[PDB]
Amino acid sequence: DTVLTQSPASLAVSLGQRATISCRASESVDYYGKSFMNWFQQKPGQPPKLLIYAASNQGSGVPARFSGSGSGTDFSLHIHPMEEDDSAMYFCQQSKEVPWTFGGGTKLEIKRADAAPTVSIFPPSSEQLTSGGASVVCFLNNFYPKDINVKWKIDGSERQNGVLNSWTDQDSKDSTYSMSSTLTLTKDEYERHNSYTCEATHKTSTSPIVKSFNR
Amino acid sequence: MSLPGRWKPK
Amino acid sequence: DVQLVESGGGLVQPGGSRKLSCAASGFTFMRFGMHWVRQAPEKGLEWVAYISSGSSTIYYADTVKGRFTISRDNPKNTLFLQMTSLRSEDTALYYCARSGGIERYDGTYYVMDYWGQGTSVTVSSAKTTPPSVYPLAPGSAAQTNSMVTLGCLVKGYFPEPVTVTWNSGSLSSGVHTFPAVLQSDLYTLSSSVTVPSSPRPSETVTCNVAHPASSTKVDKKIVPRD
């Protein structure tokens with residue numbers, strides 16, 4: 001099959017700027033003077049949408065900001081100027097051979113100013129303790145960039161086990177990220193400690209933001 | 001030439 | 001206009017069978033070739049199968065060729081995907097996309113111009129489990145400025161998905177529902193909301209959680225600790 005190498009895997013471009021995504025085919029996709037190269041935009045939780053077909057032809061309701069160039073095995077999708085709702089996953093695809101193949105995709109995000117997270121910690125609920133469980137939660141909302149480390153501490157000792165994390169995708173209005181981290185212990189082990197701490201290190205500071213509560 | 005599902009000549 | 005609605009997805013045991021449908025409207029269905037494309041959790045798009053307008057030409061992905069059968073019923077405006085010998089690696093959201101012809105002075109170039117929202121197929125033997133929903137209320141040293149953050153932890157459900165709303169949808173701003181994480185064949189997700197301090201607990205805040213796969217629906221009021 002003709003393999004498509006799509007680069008970069010992800011990128012961050014400022015509003016007003018150009019975002020270019022490249023796609024290399026293992027074999028030429030040229031056929032009868034045309035280039036069987038297409039590009040799709042996929043918004044989170046949404047189906048893919050055709051942007052460009054035949055290498056440089058814009059699809060139905062596609063803004064002029066979306067362009068495409070290339071031939072043979074060399075192709076690029078250009079987005080200029082970059083705007084708010086452009087944050088999404090993009091994929092190239094060849095329609096010359098069967099099977100139809102797609103690039104690995106690239107997550108395009110809006111590069112916005114650095115914003116520090118809003119950290120809040122939560123103790124196990126009465127109802128969960130009744131069940132014999134104890135999940136401690138830490139919300140780290142609205143920060144940029146996405147990179148951020150959270151360490152859990154129990155009586156000052158770092159904990160690694162029983163902790164699940166998750167990040168929201170870049171938000172639609174502020175272009176920020178949010179993260180969630182939960183530490184789950186049994187009611188019996190939770191009741192063996194006093195202090196629980198959510199400590200987060202993000203590019204916006206040297207010292208971590210710390211939230212904690214005593215049992 | 002005709003490539004089923006990809007190209008159909010006029 | 002052109003509308004494509006897939007259906008039939010769900011949890012299927014490995015080695016199982018499942019038929020997905022794709023309802024078409026807004027165009028002359030019998031005139032267009034159709035495709036099935038799947039997208040695995042945190043993965044790219046992978047073409048599955050193709051069928052011409054009149055079913056004369058059918059193409060399949062190699063990894064699907066023996067177990068999956070694509071067909072259509074033009075009079076009923078429906079595309080199907082029959083799946084058998086389901087493998088865990090078939091777990092994905094399945095989309096049907098239309099093969100639209102674009103006219104050139106020399107021919108018609110085809111491309112997948114319209115896609116459906118898709119149906120989720122989970123190939124697993126883990127048991128369908130309802131979510132345990134817990135309120136996340138501030139701790140005693142509850143310091144807070146003009147706003148307060150609350151939340152709900154929806155623990156141990158299977159399979160995806162679960163929909164989460166706050167105050168039945170009234171509270172829509174400042175809400176963050178994080179993607180579920182699968183740990184030991186059980187999903188867990190949490191959701192936060194920030195409401196002005198004055199509104200809590202004066203005004204009530206509750207999360208409404210529904211897990212379709214289990215006919216689950218739960219309302220969970222966030223009451224102050226103490």
# chains A, B, ... in the order shown; residues from 1 in each chain; ligands from 1
>>> closest_atom_pairs(of="chain B", to="chain A", cutoff="10 Å", atoms="only C-alpha atoms", output="CSV")
residue,atom,partner,partner_atom,distance
B:1,CA,A:32,CA,7.9
B:3,CA,A:96,CA,7.9
B:4,CA,A:98,CA,9.4
B:5,CA,A:95,CA,8.5
B:6,CA,A:95,CA,6.1
B:7,CA,A:96,CA,8.3
B:9,CA,A:32,CA,9.9
>>> write_last_selection(atoms="C-alpha atoms", output="JSON list (two decimals), in the first residue's frame")
[["chain", "number", "residue", "atom", "x", "y", "z"],
["B", 1, "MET", "CA", -8.78, 5.18, -17.07],
["B", 3, "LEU", "CA", -10.53, 3.66, -11.10],
["B", 4, "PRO", "CA", -13.64, 2.40, -9.27],
["B", 5, "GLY", "CA", -14.55, 4.83, -6.48],
["B", 6, "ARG", "CA", -11.73, 7.18, -7.37],
["B", 7, "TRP", "CA", -11.77, 8.35, -11.00],
["B", 9, "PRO", "CA", -13.36, 9.47, -17.11]]
>>> interface_residues(of="chain C", to="chain A", cutoff="6 Å", atoms="only C-alpha atoms", output="ChimeraX atom specification")
/C:44,47,113,117,136,138,178
>>> write_last_selection(atoms="C-alpha atoms", output="mmCIF file, in the first residue's frame")
data_model
loop_
_atom_site.group_PDB
_atom_site.id
_atom_site.type_symbol
_atom_site.label_atom_id
_atom_site.label_comp_id
_atom_site.auth_asym_id
_atom_site.auth_seq_id
_atom_site.Cartn_x
_atom_site.Cartn_y
_atom_site.Cartn_z
ATOM 1 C CA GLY C 44 -5.979 7.816 12.966
ATOM 2 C CA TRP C 47 -10.484 2.835 5.720
ATOM 3 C CA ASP C 113 -17.352 14.400 1.030
ATOM 4 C CA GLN C 117 -21.227 11.004 13.446
ATOM 5 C CA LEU C 136 -16.735 16.475 44.982
ATOM 6 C CA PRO C 138 -14.631 21.605 48.952
ATOM 7 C CA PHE C 178 -12.543 14.963 31.417
#
>>> atom_distance(atom1="atom CA of residue C:20", atom2="atom CA of residue C:131")
26.3 Å
>>> interface_residues(of="chain C", to="chain B", cutoff="10 Å", atoms="only C-alpha atoms", output="MDAnalysis selection string")
chainID C and resid 32:35 50:53 56:59 99:112
>>> residues_around(residues="stretch 83-87 of chain A", least_positions_apart="3", cutoff="6 Å", atoms="only C-alpha atoms", output="PDB file with N, CA and C atoms, in the first residue's frame")
ATOM      1  N   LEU A  15      -2.663  32.887  16.376  1.00  0.00           N
ATOM      2  CA  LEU A  15      -3.732  33.398  15.528  1.00  0.00           C
ATOM      3  C   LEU A  15      -3.096  34.387  14.561  1.00  0.00           C
ATOM      4  N   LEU A 108      -3.441  20.285  15.572  1.00  0.00           N
ATOM      5  CA  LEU A 108      -3.104  21.692  15.417  1.00  0.00           C
ATOM      6  C   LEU A 108      -3.719  22.446  16.562  1.00  0.00           C
ATOM      7  N   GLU A 109      -2.905  23.141  17.343  1.00  0.00           N
ATOM      8  CA  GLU A 109      -3.450  23.901  18.455  1.00  0.00           C
ATOM      9  C   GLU A 109      -3.087  25.364  18.360  1.00  0.00           C
ATOM     10  N   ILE A 110      -3.918  26.181  18.976  1.00  0.00           N
ATOM     11  CA  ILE A 110      -3.699  27.603  18.997  1.00  0.00           C
ATOM     12  C   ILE A 110      -2.661  27.876  20.060  1.00  0.00           C
TER      13      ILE A 110
END
>>> select_by_dssp(residues="stretch 143-220 of chain C", states="helix (DSSP H, G or I)", output="list in words")
residues 167, 168, 169, 212, 213 and 214 of chain C
>>> atom_distance(atom1="atom CA of residue C:191", atom2="atom CA of residue A:200")
19.0 Å
>>> atom_distance(atom1="atom CA of residue C:219", atom2="atom CA of residue C:9")
26.6 Å
>>> residues_around(residues="residue A:16", least_positions_apart="2", cutoff="9 Å", atoms="only C-alpha atoms", output="list in words")
residues 13, 14, 18, 80, 81, 82 and 83 of chain A
>>> select_by_dssp(residues="stretch 20-210 of chain A", states="strand (DSSP E or B)", output="NGL selection string")
:A and (20-25 or 30-31 or 34-35 or 37-42 or 48-53 or 57-58 or 66-71 or 74-79 or 88-94 or 101-102 or 106-110 or 115 or 118-122 or 133-144 or 148-154 or 157-159 or 163-167 or 177-186 or 195-202 or 209-210)
>>> residues_around(residues="residue C:215", least_positions_apart="4", cutoff="9 Å", atoms="only C-alpha atoms", output="list in words")
residues 130, 210 and 211 of chain C
>>> decode(residues="stretch 63-82 of chain A", atoms="N, CA and C atoms", output="CSV table (one decimal), in the first residue's frame")
chain,number,residue,atom,x,y,z
A,63,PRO,N,-13.3,27.7,3.7
A,63,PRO,CA,-12.7,29.0,3.7
A,63,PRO,C,-11.5,29.1,2.8
A,64,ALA,N,-11.2,30.3,2.3
A,64,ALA,CA,-10.1,30.5,1.4
A,64,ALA,C,-8.8,30.4,2.2
A,65,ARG,N,-8.9,30.4,3.5
A,65,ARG,CA,-7.7,30.3,4.4
A,65,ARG,C,-7.1,28.9,4.3
A,66,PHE,N,-7.9,28.0,3.8
A,66,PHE,CA,-7.4,26.6,3.7
A,66,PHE,C,-6.9,26.4,2.2
A,67,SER,N,-5.6,26.2,2.1
A,67,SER,CA,-5.0,25.9,0.8
A,67,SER,C,-4.2,24.6,0.8
A,68,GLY,N,-3.8,24.1,-0.4
A,68,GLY,CA,-3.1,22.9,-0.5
A,68,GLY,C,-2.2,22.9,-1.7
A,69,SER,N,-1.0,22.3,-1.6
A,69,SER,CA,-0.1,22.3,-2.7
A,69,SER,C,0.6,21.0,-2.8
A,70,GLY,N,1.3,20.8,-3.9
A,70,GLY,CA,2.1,19.5,-4.0
A,70,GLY,C,1.7,18.6,-5.1
A,71,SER,N,2.5,17.7,-5.4
A,71,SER,CA,2.3,16.7,-6.5
A,71,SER,C,3.3,15.5,-6.2
A,72,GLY,N,3.0,14.4,-6.9
A,72,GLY,CA,3.9,13.2,-6.8
A,72,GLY,C,3.8,12.6,-5.4
A,73,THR,N,4.8,12.8,-4.6
A,73,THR,CA,4.8,12.2,-3.3
A,73,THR,C,4.9,13.3,-2.2
A,74,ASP,N,5.0,14.5,-2.7
A,74,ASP,CA,5.2,15.7,-1.8
A,74,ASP,C,4.0,16.6,-1.7
A,75,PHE,N,3.3,16.7,-0.6
A,75,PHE,CA,2.1,17.5,-0.3
A,75,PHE,C,2.0,18.3,1.0
A,76,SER,N,1.4,19.4,0.9
A,76,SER,CA,1.2,20.2,2.1
A,76,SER,C,-0.2,20.9,2.2
A,77,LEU,N,-0.7,21.1,3.4
A,77,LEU,CA,-2.0,21.8,3.6
A,77,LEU,C,-1.5,23.1,4.3
A,78,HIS,N,-2.1,24.2,3.9
A,78,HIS,CA,-1.7,25.5,4.5
A,78,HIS,C,-3.0,26.1,5.1
A,79,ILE,N,-2.8,26.7,6.3
A,79,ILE,CA,-3.9,27.4,6.9
A,79,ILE,C,-3.4,28.8,7.4
A,80,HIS,N,-3.8,29.8,6.6
A,80,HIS,CA,-3.5,31.2,6.9
A,80,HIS,C,-4.6,32.1,6.4
A,81,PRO,N,-5.0,33.1,7.3
A,81,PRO,CA,-4.4,33.2,8.6
A,81,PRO,C,-5.1,32.2,9.5
A,82,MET,N,-4.4,31.7,10.5
A,82,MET,CA,-4.9,30.8,11.5
A,82,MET,C,-5.9,31.5,12.4
